[PDB]
2 protein chains.
Amino acid sequence: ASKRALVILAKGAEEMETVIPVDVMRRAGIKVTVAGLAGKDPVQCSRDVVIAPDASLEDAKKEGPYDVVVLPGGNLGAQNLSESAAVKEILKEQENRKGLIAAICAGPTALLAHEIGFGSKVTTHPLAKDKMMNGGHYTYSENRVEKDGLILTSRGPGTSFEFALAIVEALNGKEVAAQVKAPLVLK
Amino acid sequence: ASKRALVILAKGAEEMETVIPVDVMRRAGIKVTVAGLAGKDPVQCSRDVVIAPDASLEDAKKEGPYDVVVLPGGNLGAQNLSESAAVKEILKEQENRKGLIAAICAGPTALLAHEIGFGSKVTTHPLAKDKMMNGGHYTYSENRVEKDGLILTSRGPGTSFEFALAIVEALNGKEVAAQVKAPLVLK
Ligand SMILES: [Cu+2]
Ligand SMILES: [Cu+2]
């Protein structure tokens, strides 16, 4: 049976940080559900790219559990994720069942909002560091991708490939990650 | 006045190679029109990401001229671009007015189909090389981004940032490209 990923898509999400992990995870044979936070309608991302989700979060959250829950970044997208009761419940359940949670850029600040993974070493976009570190509940890292147990974080659009391949390695192993990596023409 | 970019979006396009240049060009203050080859309806990309274009190509082609015409890759997307009479006319006009043409991955094989920029040094995805080189009308390069006059080409999803920043530099200069680059957290 294939692994399953939930990607939560909110208005203002960084479109690069959404599409790169979805595409790379699907190249890895992961069944990815792109779920719209606000419903089934297409979502307007931070730059003006409009993406139609596979399902509403309301529906997708009923089709769990997922092997990874992925939170894209983008300053306003992450604020929307941080304010959502549905996201809070999903992340708490994932943390409780010891499943992987992956967040990139401003995405990890939603972990702070929902009190997820306190005590973890994490990274974020450099501009999101102060928000993430409010209260000192995490230890900050400048690694391009950071993984502390079941909390996987990354820094920005330019780390999106490394972030996505780290999810693939965590779920499907190093060999699959290497196979997926080669045709991408990475440096 | 701001520069203007036309990005032509066909079914089967590589979504990463579409979104990365659109996002980076908009960060550069370029007015980007994402135009759907087949009409105004949302487009199903190679992995299963659905993107809603800003306009139909039929409408957008009437609002030229553009400072750059951008062709995303993806094997089936590029085949669709190669078969289109509207694309042929747009590229010929752009070539005739000495405007920039930028194509990534399998995208450059549409230049071959429409007899654009013969004699140029070009690169493509490694798997698209044989198709591009059919007849020997170009000289092949393994550079991650290649620019020969007004023909700008690149190799794949992992070269998309370099490709997009090269478009920005060509249109808006090195200083703007450097400013846009820094917050992306590239290596
Ligand atoms: Cu970001
Ligand atoms: Cu490609």
# chains A, B, ... in the order shown; residues from 1 in each chain; ligands from 1
>>> residues_around(residues="residue 55 of chain A", least_positions_apart="2", cutoff="8 Å", atoms="only C-alpha atoms", output="number ranges by chain")
A: 33-36, 39-40, 53, 57, 59-60
>>> write_last_selection(atoms="C-alpha atoms", output="PDB file, in the first residue's frame")
ATOM      1  CA  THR A  33      -4.370  15.060  -1.232  1.00  0.00           C
ATOM      2  CA  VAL A  34      -4.256  18.822  -1.717  1.00  0.00           C
ATOM      3  CA  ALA A  35      -6.963  20.049   0.642  1.00  0.00           C
ATOM      4  CA  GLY A  36      -8.392  23.558   0.667  1.00  0.00           C
ATOM      5  CA  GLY A  39     -13.532  24.685   1.142  1.00  0.00           C
ATOM      6  CA  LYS A  40     -13.485  23.131  -2.324  1.00  0.00           C
ATOM      7  CA  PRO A  53      -7.510  21.717  -4.471  1.00  0.00           C
ATOM      8  CA  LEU A  57     -10.096  20.092   4.267  1.00  0.00           C
ATOM      9  CA  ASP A  59     -13.798  16.267   3.628  1.00  0.00           C
ATOM     10  CA  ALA A  60     -10.124  15.242   3.540  1.00  0.00           C
TER      11      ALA A  60
END
>>> residues_near_ligand(ligand="ligand 2", cutoff="9 Å", atoms="only C-alpha atoms and all ligand atoms", output="tab-separated table (two decimals) with N, CA, C and O atoms, in the first residue's frame")
chain	number	residue	atom	x	y	z
A	183	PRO	N	16.19	12.73	-12.10
A	183	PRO	CA	15.64	13.44	-13.27
A	183	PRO	C	15.27	14.91	-13.01
A	183	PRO	O	14.87	15.59	-13.96
A	184	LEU	N	15.40	15.39	-11.78
A	184	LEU	CA	15.02	16.78	-11.48
A	184	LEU	C	16.10	17.77	-11.94
A	184	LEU	O	15.83	18.96	-12.05
B	13	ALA	N	1.68	20.34	-18.91
B	13	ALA	CA	2.83	21.17	-18.54
B	13	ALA	C	3.40	20.72	-17.19
B	13	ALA	O	2.66	20.23	-16.32
B	14	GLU	N	4.71	20.88	-17.00
B	14	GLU	CA	5.31	20.58	-15.71
B	14	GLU	C	4.95	21.72	-14.77
B	14	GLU	O	5.36	22.87	-15.02
B	15	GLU	N	4.19	21.44	-13.72
B	15	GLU	CA	3.69	22.51	-12.85
B	15	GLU	C	4.78	23.30	-12.12
B	15	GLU	O	4.63	24.50	-11.87
B	16	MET	N	5.89	22.64	-11.78
B	16	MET	CA	6.99	23.32	-11.12
B	16	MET	C	7.64	24.33	-12.07
B	16	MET	O	7.98	25.45	-11.68
B	17	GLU	N	7.78	23.92	-13.33
B	17	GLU	CA	8.41	24.76	-14.34
B	17	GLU	C	7.50	25.88	-14.81
B	17	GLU	O	7.93	26.78	-15.53
B	72	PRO	N	6.88	26.68	-20.63
B	72	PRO	CA	7.23	25.67	-19.63
B	72	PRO	C	7.49	24.31	-20.29
B	72	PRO	O	7.16	24.13	-21.46
B	73	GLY	N	8.05	23.36	-19.55
B	73	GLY	CA	8.29	22.06	-20.13
B	73	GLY	C	7.23	21.06	-19.73
B	73	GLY	O	6.04	21.39	-19.62
B	74	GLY	N	7.66	19.83	-19.50
B	74	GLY	CA	6.75	18.72	-19.35
B	74	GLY	C	6.56	18.13	-20.74
B	74	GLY	O	6.21	18.86	-21.67
B	75	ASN	N	6.81	16.84	-20.87
B	75	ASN	CA	6.82	16.17	-22.17
B	75	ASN	C	5.53	16.39	-22.96
B	75	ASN	O	5.56	16.78	-24.13
B	104	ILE	N	11.97	26.04	-21.07
B	104	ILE	CA	12.68	25.16	-20.15
B	104	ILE	C	12.26	23.69	-20.34
B	104	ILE	O	11.12	23.42	-20.70
B	105	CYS	N	13.22	22.78	-20.15
B	105	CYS	CA	12.95	21.33	-20.08
B	105	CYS	C	12.64	20.68	-21.43
B	105	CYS	O	13.55	20.49	-22.24
B	106	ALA	N	11.38	20.32	-21.67
B	106	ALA	CA	10.98	19.86	-23.01
B	106	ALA	C	10.46	21.04	-23.83
B	106	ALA	O	10.26	20.93	-25.04
B	107	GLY	N	10.22	22.15	-23.14
B	107	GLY	CA	9.78	23.38	-23.79
B	107	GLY	C	10.54	23.78	-25.05
B	107	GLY	O	9.92	24.19	-26.03
B	124	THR	N	18.31	21.50	-22.94
B	124	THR	CA	16.98	20.96	-22.69
B	124	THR	C	17.10	19.99	-21.53
B	124	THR	O	18.19	19.77	-21.02
B	125	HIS	N	16.00	19.37	-21.14
B	125	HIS	CA	16.13	18.22	-20.26
B	125	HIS	C	16.95	17.16	-20.99
B	125	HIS	O	16.80	16.98	-22.20
B	155	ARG	N	17.14	23.47	-18.25
B	155	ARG	CA	17.11	22.00	-18.29
B	155	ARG	C	15.95	21.28	-17.59
B	155	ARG	O	15.52	20.24	-18.06
B	156	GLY	N	15.46	21.79	-16.46
B	156	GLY	CA	14.46	21.01	-15.74
B	156	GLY	C	14.00	21.66	-14.45
B	156	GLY	O	14.37	22.79	-14.17
B	157	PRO	N	13.18	20.94	-13.67
B	157	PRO	CA	12.60	21.54	-12.46
B	157	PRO	C	13.67	22.13	-11.56
B	157	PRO	O	13.50	23.23	-11.03
B	158	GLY	N	14.79	21.42	-11.43
B	158	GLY	CA	15.88	21.88	-10.57
B	158	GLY	C	16.70	23.03	-11.11
B	158	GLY	O	17.58	23.56	-10.42
>>> closest_residue(among="B:24, B:85, B:164, B:177", to="ligand 1", atoms="only C-alpha atoms and all ligand atoms")
B:24
>>> residues_around(residues="residue 64 of chain A", least_positions_apart="6", cutoff="10 Å", atoms="only C-alpha atoms", output="PDB file with N, CA, C and O atoms, in the first residue's frame")
ATOM      1  N   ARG A   4       0.446   8.047   2.247  1.00  0.00           N
ATOM      2  CA  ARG A   4      -0.510   9.109   1.952  1.00  0.00           C
ATOM      3  C   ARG A   4      -0.098  10.420   2.609  1.00  0.00           C
ATOM      4  O   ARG A   4       0.316  10.442   3.772  1.00  0.00           O
ATOM      5  N   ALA A   5      -0.232  11.508   1.855  1.00  0.00           N
ATOM      6  CA  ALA A   5       0.142  12.840   2.320  1.00  0.00           C
ATOM      7  C   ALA A   5      -1.048  13.787   2.254  1.00  0.00           C
ATOM      8  O   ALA A   5      -1.782  13.797   1.263  1.00  0.00           O
ATOM      9  N   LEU A   6      -1.220  14.597   3.296  1.00  0.00           N
ATOM     10  CA  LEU A   6      -2.195  15.680   3.292  1.00  0.00           C
ATOM     11  C   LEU A   6      -1.458  17.024   3.203  1.00  0.00           C
ATOM     12  O   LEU A   6      -0.638  17.348   4.060  1.00  0.00           O
ATOM     13  N   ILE A  90      -6.142  18.424  13.463  1.00  0.00           N
ATOM     14  CA  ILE A  90      -5.394  17.525  12.593  1.00  0.00           C
ATOM     15  C   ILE A  90      -3.958  17.345  13.077  1.00  0.00           C
ATOM     16  O   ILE A  90      -3.453  16.226  13.137  1.00  0.00           O
ATOM     17  N   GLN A  94      -2.130  13.980  14.512  1.00  0.00           N
ATOM     18  CA  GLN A  94      -0.931  13.460  13.857  1.00  0.00           C
ATOM     19  C   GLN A  94       0.219  13.315  14.852  1.00  0.00           C
ATOM     20  O   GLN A  94       0.960  12.326  14.835  1.00  0.00           O
TER      21      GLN A  94
END
>>> residues_around(residues="residue 78 of chain B", least_positions_apart="6", cutoff="12 Å", atoms="only C-alpha atoms", output="ChimeraX atom specification")
/B:8-14,17-18,37,45-46,70-72,84,87,103-114,124-125,128,131-132
>>> select_by_dssp(residues="segment 73-136 of chain A", states="alpha helix (DSSP H)", output="ChimeraX atom specification")
/A:75-82,85-96,109-113,129-132
>>> closest_residue(among="B:83, B:93, B:142, B:148", to="chain A", atoms="only C-alpha atoms")
B:142
>>> closest_residue(among="A:100, A:68, A:28, A:127", to="ligand 1", atoms="only C-alpha atoms and all ligand atoms")
A:127
>>> closest_residue(among="A:86, A:166, A:52, A:30", to="chain B", atoms="only C-alpha atoms")
A:52
>>> closest_residue(among="A:97, A:174, A:62, A:47", to="ligand 1", atoms="only C-alpha atoms and all ligand atoms")
A:47
>>> select_by_dssp(residues="segment 23-82 of chain B", states="strand (DSSP E or B)", output="list in words")
residues 31, 32, 33, 34, 35, 36, 43, 44, 50, 51, 52, 55, 56, 68, 69, 70 and 71 of chain B
>>> closest_residue(among="B:170, B:116, B:7, B:102", to="residue 23 of chain B", atoms="only C-alpha atoms")
B:7
>>> atom_distance(atom1="atom CA of residue 178 of chain A", atom2="atom CA of residue 133 of chain B")
28.4 Å
